[PDB]
Amino acid sequence: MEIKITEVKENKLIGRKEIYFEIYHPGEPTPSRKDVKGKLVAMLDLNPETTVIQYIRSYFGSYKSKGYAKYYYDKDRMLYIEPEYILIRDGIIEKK
Amino acid sequence: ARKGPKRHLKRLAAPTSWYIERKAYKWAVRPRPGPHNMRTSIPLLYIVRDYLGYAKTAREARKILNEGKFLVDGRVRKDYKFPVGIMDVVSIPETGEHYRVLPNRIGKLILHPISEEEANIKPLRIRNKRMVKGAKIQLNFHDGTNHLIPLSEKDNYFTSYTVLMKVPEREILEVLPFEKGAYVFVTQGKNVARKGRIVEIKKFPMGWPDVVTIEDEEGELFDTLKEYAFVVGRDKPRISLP
Amino acid sequence: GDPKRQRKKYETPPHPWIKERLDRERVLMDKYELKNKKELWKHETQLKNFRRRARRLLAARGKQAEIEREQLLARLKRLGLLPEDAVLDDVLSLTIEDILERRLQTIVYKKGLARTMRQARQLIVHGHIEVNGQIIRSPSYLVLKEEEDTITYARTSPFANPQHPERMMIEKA
RNA sequence: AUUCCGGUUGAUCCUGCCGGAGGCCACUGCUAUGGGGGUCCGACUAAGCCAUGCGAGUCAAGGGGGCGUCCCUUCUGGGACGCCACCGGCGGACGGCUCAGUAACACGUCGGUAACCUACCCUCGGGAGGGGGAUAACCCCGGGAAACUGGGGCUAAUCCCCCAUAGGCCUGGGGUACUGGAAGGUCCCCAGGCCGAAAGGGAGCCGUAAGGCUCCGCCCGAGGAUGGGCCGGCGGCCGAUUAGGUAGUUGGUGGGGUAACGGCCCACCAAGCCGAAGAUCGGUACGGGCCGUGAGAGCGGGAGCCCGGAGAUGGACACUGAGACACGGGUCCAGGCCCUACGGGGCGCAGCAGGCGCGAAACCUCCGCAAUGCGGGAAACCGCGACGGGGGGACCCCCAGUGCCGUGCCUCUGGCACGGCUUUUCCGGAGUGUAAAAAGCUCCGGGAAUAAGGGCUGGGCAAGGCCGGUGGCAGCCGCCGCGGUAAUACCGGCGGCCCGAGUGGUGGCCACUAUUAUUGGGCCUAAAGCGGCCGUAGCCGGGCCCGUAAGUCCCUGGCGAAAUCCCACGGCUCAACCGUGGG
Ligand SMILES: [Mg+2]
Ligand SMILES: [Mg+2]
Ligand SMILES: [Mg+2]
Ligand SMILES: [Mg+2]
Ligand SMILES: [Mg+2]
Ligand SMILES: [Mg+2]
Ligand SMILES: [Mg+2]
Ligand SMILES: [Mg+2]
Ligand SMILES: [Mg+2]
Ligand SMILES: [Mg+2]
Ligand SMILES: [Mg+2]
Ligand SMILES: [Mg+2]
Ligand SMILES: [Mg+2]
Ligand SMILES: [Mg+2]
Ligand SMILES: [Mg+2]
Ligand SMILES: [Mg+2]
Ligand SMILES: [Mg+2]
Ligand SMILES: [Mg+2]
Ligand SMILES: [Mg+2]
Ligand SMILES: [Mg+2]
Ligand SMILES: [Mg+2]
Ligand SMILES: [Mg+2]
Ligand SMILES: [Mg+2]
Ligand SMILES: [Mg+2]
Ligand SMILES: [Mg+2]
Ligand SMILES: [Mg+2]
Ligand SMILES: [Mg+2]
Ligand SMILES: [Mg+2]
Ligand SMILES: [Mg+2]
Ligand SMILES: [Mg+2]
Ligand SMILES: [Mg+2]
Ligand SMILES: [Mg+2]
């Protein structure tokens, strides 16, 4: 898979950066969240503990997928802002 | 409403001046009573969430508001139902930006970027004027607010004049009269968002409102209601307008 | 009153058994390998609507009429149904055969990607054809002129290999 | 597509009605592979009756308590921490459901209120001084079959009550500061009265303390905002085998009452008020945006979504509150029904599911507050059958499948035999998707495998002059017409035609229909000119000159919500659908 960064925007009020990206992958399954996160943190030099993937979406007859992720500068701000379900679904925390 | 006030608002019945997707959901925010009226303002949640995009959901928009990050006319506003209207200034100091709320050529509300210096002043059209106890004068403005002046000043203010006010201190610094040759900006009606100079003023019997003729820059003359014509300068604008 | 109801996009014949119309429509159905009458009727309706807009715009005048007049011409040349220097009167000489030639099934057969109309339909339905980098599985899709020449085999298809047995038989024609 | 075709005679041309051919809606026979989108599903009969669960809460930063884990000392305690209920505050008048009543200022539209109310919110100008009081919780004792409910003890508040000041309202006499088109309005000065505020409360730090420094709060006045009340002009059904109707009726004067104007209600004085341009009475019905159909002019409908109105088994009437004479609050009568230890006590799903009854006619007693919003809270948050997510259903619309290619043979359309190909769909897996699941989407392994019906076959009207039965019997027939032993028309076989995941039957509206006629019909002989004439209203009215500007034409201000309709561009693979602009 080949990843292309479309936009990186700064949100100082929330204290995060919001990242939109595309993945090109003809003849392959939709990439997993773990692989995308590893590639993204390598590509941008992020602490992976505060990197959350909002979504990965595939389309009808396409060889590429579109994705959205967020990166917080502070762990406590992430736990205070983000909903519980997305942090569990991303393996950041454990479901009780 | 069979027995009491309405507290809800369907999206399909929302005001026509908002930028809102009318079929995406069932409900819209019912704005709280406040400064402007329903036809000339919009709740602050749509500014934070829908217009600027600083938040994705209502819950995190409320957390941004409660921490005190948004200023309206120089004052902290935390209520997500607060109405924001024509000629207000929206300020974000943590990002250092400022906007003036103004209507479109189609009659919809938009945000016009301005300088930091110009953000200190708000023009206020004089809607009504009255005597008050102690024999003083109360001025009632277009955004619902009020000011007091002494009886010696009674000849320097009349209805339809504009007062430039320093906010949030609320101190007068200039009075702009309504007369021929003044510069005006239209705020409602078919000719909304057009601007120019005053040529003539006409009156009628039995309480029908009075009408004004205005010459634009390219030299065309058009008419509108007098109360739709908002004075903004002497012969040049005193604020930045698109 | 009553809320909106979604309406059919095609019109049915005023009489089901007229000999001349039956013969004409049977010839068209055989030639373009359409699946049923309603499909054909759909395209007929499209043509009628075009003509009805031209008839109304000829007898109109004013400012919105001109904008509509140029929009109709622009759309017709974007679909490839008129040349670049056509005028409004040319709208009234369009035939049903002009529209059917723009079907993705027909265009796939015309370019030589299949040997027969039926094979072109199966190639489209099974997902072997890409249009400007996108896979589309509707044989009735009307192809714009600007994307007509970027129509190929899908890059993940078995047919995207010049040594495939079925592709060589297609090329032998 | 601005359309015709069959039927009155031995044969002909007319008038005229019936039938055929199209679209949409409700019930229904037979038959069904996949997906997507949407404002679809107990409205028609019964606004009939309802078992069970759920559909409205929230605040510990308003206040005294109960109990638990720990820290300092503890005889005793003080702290911190975390649950419980109670007092107290705000909300419960919105949202949701249905269309019974109503022919009316109910609704649409333009205006008015100088004749009015408004808790929550915004701005500005000011204020927070002094006193008193009970009571829930808690402990003692209880009653009653239960629903409920009694006496004694003790206690706090942002609970309750007083005093003062500010303030408010009425009337009389002056002055003219304001708005407005116009002052029974606003402002200033005297005078006689009546009504009459407030919580400096709470939380956190700097405080050795003294006191600051923030946040959330309390009361009065002026204006706005928000939500309403009231009024006027204009507009939109059927009946004369309903012609006269009204007597607080219509107006006036003087009062009462109301938030407020008003015969809204009284006392007194007059005779008015409506009506053949259809009063009154009777019939039917919630109004509009819109929807079906038609070349258009028109004709028909107004369940589903939005805005307005009304109702909570039928008929009456009140308490609290800013707002109700209140669907999940109170009272009486009427009519059903449930529990009783027989003394008594309770209940109406036209909320979501679910049951019975009625009928031709309509679904799961599921999951979630993650999104959109509402109420409460300083906030993090909490609740919500609203809303969101799925389950059932030939609801509507959009896009597909039930194979493809080559070479041979046949009756050459299509069927069969060989050789090869593909995997939409199907079966089993990984990822993504989701609040969690399911669908959907990207990949991998298997394999043409897993997938066609309904109606019709004499003319109208596309399609057989073939075969076997029956024999005016049975049967068919929208209409015209078939069947009486040699039936192209009934029943069946084989063929053929139309449409196709659909295709037929029954009932309704529009078209057909210039069989309702303004556009646009008829009345000598076919339905149809009053037996004749005079004249009231109404409609229709001769030529010229001058004036006006109501009708009429042109230009320009303020309006006629959104959704729905047409066009271009853009986002879901295209489309249906959704967004941005123009109309
Ligand atoms: Mg006025
Ligand atoms: Mg209705
Ligand atoms: Mg005869
Ligand atoms: Mg007929
Ligand atoms: Mg019922
Ligand atoms: Mg209630
Ligand atoms: Mg209610
Ligand atoms: Mg009546
Ligand atoms: Mg009215
Ligand atoms: Mg009327
Ligand atoms: Mg007092
Ligand atoms: Mg009076
Ligand atoms: Mg009714
Ligand atoms: Mg009606
Ligand atoms: Mg319904
Ligand atoms: Mg009932
Ligand atoms: Mg049904
Ligand atoms: Mg049910
Ligand atoms: Mg709050
Ligand atoms: Mg024939
Ligand atoms: Mg029949
Ligand atoms: Mg025979
Ligand atoms: Mg037969
Ligand atoms: Mg006739
Ligand atoms: Mg006669
Ligand atoms: Mg006469
Ligand atoms: Mg004359
Ligand atoms: Mg005129
Ligand atoms: Mg509209
Ligand atoms: Mg696209
Ligand atoms: Mg498109
Ligand atoms: Mg739209």
Side-chain angles (χ1 to χ4, degrees), chain A residues 25 27-33 55-63 65 80 83 85, chain B residues 1-8 10 12-14 16 21-30 32-38 57-58 66 79 81-83 128-133 135 137-138 140-141 143-148 151 154 159 170 189-190 203-209 211 223-225, chain C residues 1-9 12 14-19 22 36-37 53 64 67-68 71-72 74-75 115-116 118-119 122 125-128 134-138 140-141 158 165-166 169-170:
Chain A
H25 57 90
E28 299 172 19
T30 301
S32 191
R33 299 173 72 100
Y55 59 79
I56 301 169
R57 170 187 182 177
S58 287
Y59 291 74
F60 175 89
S62 313
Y63 316 112
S65 298
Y80 172 70
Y85 82 89
Chain B
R2 303 224 67 251
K3 323 287 177 181
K6 290 200 297 195
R7 334 277 318 175
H8 294 72
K10 305 279 222 296
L12 286 173
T16 186
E21 297 188 15
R22 291 181 175 269
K23 300 226 213 180
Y25 299 95
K26 179 64 143 193
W27 296 112
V29 171
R30 168 165 275 279
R32 190 102 59 195
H36 294 91
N37 57 52
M38 291 278 285
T57 68
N66 281 316
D79 183 13
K81 298 187 169 212
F82 183 83
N128 207 320
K129 164 190 176 191
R130 54 178 22 87
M131 287 281 308
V132 90
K133 300 193 70 181
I137 300 284
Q138 191 179 58
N140 319 122
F141 295 118
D143 74 335
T145 58
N146 298 305
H147 200 252
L148 278 189
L151 194 55
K154 64 173 195 163
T159 60
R170 310 212 97 243
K190 184 174 65 63
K203 308 187 163 180
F204 314 93
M206 285 301 291
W208 303 107
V211 182
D223 291 352
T224 189
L225 297 189
Chain C
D2 295 290
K4 173 190 176 175
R5 316 169 177 177
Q6 291 184 29
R7 300 159 54 96
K8 282 184 179 64
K9 246 57 177 159
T12 45
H15 191 302
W17 316 298
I18 310 298
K19 170 163 170 167
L22 287 186
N36 48 37
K37 293 317 266 283
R53 288 159 61 190
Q64 182 73 25
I67 292 168
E68 293 203 19
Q71 280 173 341
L72 168 63
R75 182 61 181 177
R115 282 184 65 115
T116 320
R118 297 192 188 174
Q119 193 181 47
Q122 180 167 81
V125 166
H126 281 197
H128 298 310
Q134 159 75 56
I135 293 180
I136 284 165
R137 308 208 212 115
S138 291
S140 83
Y141 170 82
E166 194 67 48
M169 177 59 72
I170 293 171

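In what follows, chains carry the letters A, B, and so on, assigned in the order in which the sequence lines appear, proteins first and then strands, with residues in each chain numbered from 1.
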What I want to check is whether D/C546 forms a Watson-Crick or wobble pair with D/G414, both distances being under 3.5 Å.
no
Categorize B/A28 for me: base, sugar-phosphate, or nothing, with a 4.0 angstrom heavy-atom threshold over every strand shown.
sugar-phosphate
Using both distances under 3.5 Å as the test, list the Watson-Crick or G-U wobble partner of D/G239, or none.
D/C281
Any chance D/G20 and D/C4 qualify as a Watson-Crick or G-U wobble pair, both distances under 3.5 Å?
yes
Would you call D/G529 and D/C530 stacked when the test is ring centres under 5.5 Å and planes under 30°?
no
Decide if a Watson-Crick or G-U wobble pair links D/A386 and D/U372, counting it only when both distances are under 3.5 Å.
yes
Should D/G235 and D/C107 count as paired, given that a pair must be Watson-Crick or G-U wobble and both distances must be under 3.5 Å?
yes
Between CD1 on residue C/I67 and CD on residue C/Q64, distance to nearest 0.5 Å:
5.0 Å
Taking pairing as Watson-Crick or G-U wobble with both contacts under 3.5 Å, can you name the mate of D/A270, or confirm there isn't one?
D/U250
Could you tell me which residues satisfy side-chain hydrogen bond (donor to acceptor under 3.5 Å, both in side chains) with A/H25, sequence neighbours excluded, listed by chain and number?
A/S65
Taking D/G19 as the reference, what is the distance to D/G459 when you measure between their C1' atoms (whole Å, please)?
13 Å
Does D/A157 pair with anything, Watson-Crick or G-U wobble, both distances under 3.5 Å, and if so, with which nucleotide?
none
Can you name the residues that form a side-chain hydrogen bond (donor to acceptor under 3.5 Å, both in side chains) with C/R75, not counting sequence neighbours?
none
Tell me, please, if D/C534 and D/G95 meet the Watson-Crick or G-U wobble pairing rule with both distances under 3.5 Å?
no
Touch class at under 4.0 angstrom, heavy-atom based, for C/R5 against every strand present:
base
Considering Watson-Crick and G-U wobble pairs with both distances under 3.5 Å, what does D/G445 pair with?
D/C427
Does B/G144 reach a base, just sugar-phosphate, or nothing at all? Heavy atoms under 4.0 Å.
base
How long is the span from the CG atom in B/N37 to the CG atom in B/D143, to the nearest 0.5 Å?
11.0 Å
Which base, if any, makes a Watson-Crick or G-U wobble pair with D/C395, both distances under 3.5 Å?
D/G38
With both distances required to be under 3.5 Å, indicate if D/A316 and D/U331 make a Watson-Crick or G-U pair.
yes
By side-chain contact (heavy atoms from CB on, under 4.5 Å), C/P16 pairs with (sequence neighbours left out) none
Report which part of the nucleic acid A/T30 touches: base, sugar-phosphate, or nothing (heavy-atom distance under 4.0 Å, all strands).
base
Please name the nucleotide paired to D/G192 by Watson-Crick or G-U wobble geometry with both distances under 3.5 Å, or report none.
D/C170
Test the consecutive nucleotides D/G429 and D/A430 for base stacking (six-membered ring centres under 5.5 Å, planes under 30 degrees) and report the result as yes or no.
yes
With a 4.0 Å cut-off on heavy atoms, is B/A58 in touch with a base, just the backbone sugar-phosphate, or nothing at all?
sugar-phosphate
Contact class for C/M169 (heavy atom, under 4.0 Å): base, sugar-phosphate, or nothing?
sugar-phosphate
For the P atoms, the ones on D/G20 and on D/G478, what distance do you get once it is rounded to whole angstrom?
9 Å
So what does A/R57 hit on the nucleic acid, given a heavy-atom distance under 4.0 Å: a base, only sugar-phosphate, or nothing?
sugar-phosphate
B/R32 side chain to B/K81 main-chain N or O, any donor-acceptor pair under 3.5 Å?
no
Stacked or not: do D/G321 and D/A322 have six-ring centres under 5.5 Å apart and planes under 30°?
no
Using a heavy-atom cut-off of under 4.0 Å over every strand shown, decide if B/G207 touches base, sugar-phosphate, or nothing.
base
Going by heavy atoms in the side chains, are B/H147 and B/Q138 under 4.5 Å from each other?
no
Describe the nucleic acid contact of B/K26 in one word from base, sugar-phosphate, nothing, applying a heavy-atom distance below 4.0 Å.
sugar-phosphate
For D/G359, measure the glycosidic angle (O4'-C1'-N9-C4 for a purine, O4'-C1'-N1-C2 for a pyrimidine) and name it syn if it falls within 90° of 0, otherwise anti.
anti
For the adjacent pair D/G492/D/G493, please state whether the pyrimidine-type six-membered rings satisfy a centroid distance under 5.5 angstrom and an interplanar angle under 30 degrees.
yes
Using the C1' atom as the reference point in each nucleotide, state the distance between D/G495 and D/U488 in Å, no decimals.
14 Å
Determine the contact category for C/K9: base if any of its heavy atoms lies under 4.0 Å from a base atom, sugar-phosphate if only primed atoms, P, OP1 or OP2 are that close, otherwise nothing.
sugar-phosphate
Touch check for A/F60, heavy atoms < 4.0 angstrom, all strands: base, sugar-phosphate only, or nothing?
base
If pairing means Watson-Crick or G-U wobble with both distances under 3.5 Å, then the partner of D/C467 is D/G492
If I pick the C1' atom on D/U109 and the same atom on D/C291, what distance separates them, to the nearest angstrom?
23 Å
Check every strand shown and say whether C/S138 touches a base, only sugar-phosphate, or nothing at a heavy-atom separation below 4.0 Å.
base
Please round to the nearest 0.5 Å and tell me the distance separating atom CG of B/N146 and atom CZ of B/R130.
8.5 Å
Would you call D/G496 and D/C264 a Watson-Crick or G-U wobble pair if both distances must be under 3.5 Å?
no
Leading and trailing nucleotides of RNA chain D with any atom under 4.0 Å from heavy atoms of chain B
D/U39 to D/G582
With both atom distances required to be under 3.5 Å, do D/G522 and D/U12 make a Watson-Crick or G-U wobble pair?
no
Please classify the glycosidic conformation of D/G419 as syn (within 90° of 0) or anti (everything else).
anti
Residue set satisfying ring pair (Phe, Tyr, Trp, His ring centres under 6.0 Å) with C/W17, at least two apart, ordered chain then number -> none
Please identify each residue that fulfils ring pair (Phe, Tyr, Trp, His ring centres under 6.0 Å) with B/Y25, with sequence neighbours left out.
none
With a 4.0 Å cut-off on heavy atoms, is C/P14 in touch with a base, just the backbone sugar-phosphate, or nothing at all?
base
Euclidean distance for P, D/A93 against D/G323 (whole angstrom):
15 Å
Strictly by Watson-Crick or wobble contacts shorter than 3.5 Å, is anything paired with D/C124, and which nucleotide is it?
D/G221
When you check the glycosidic angle of D/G343, does it come out syn, meaning within 90° of 0, or anti?
syn
Please compare B/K81 and C/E166 by the position of their nearest nucleotide in RNA chain D and report the one closer to 5'.
B/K81
Pairwise P distance, D/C567 and D/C234 [rounded to whole Å]:
42 Å
For the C1' atoms, the ones on D/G496 and on D/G464, what distance do you get once it is rounded to whole angstrom?
7 Å
With syn defined as a glycosidic angle within 90 degrees of 0 and anti as anything else, the base of D/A209 is anti
Is the base of D/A276 syn or anti, where syn means the angle lies within 90° of 0?
syn
More 5' along RNA chain D: B/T159 or A/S32, using each one's nearest nucleotide?
B/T159
If the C1' atom of D/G278 is compared with that of D/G560, how far apart are they to the nearest Å?
33 Å
Check for me whether D/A183 and D/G184 meet both conditions: six-membered ring centres under 5.5 Å apart and planes under 30°.
no
With a 3.5 Å cut-off on both distances, are D/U186 and D/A177 a Watson-Crick or G-U wobble pair?
yes
Does one side chain, of A/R57 or A/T30, offer a donor that lies under 3.5 Å from an acceptor on the other?
no
Pair present between D/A209 and D/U424, Watson-Crick or G-U, 3.5 Å cut-off
no
Over 12 non-hydrogen atoms of neighbours within 6.0 angstrom of CZ in B/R22:
yes
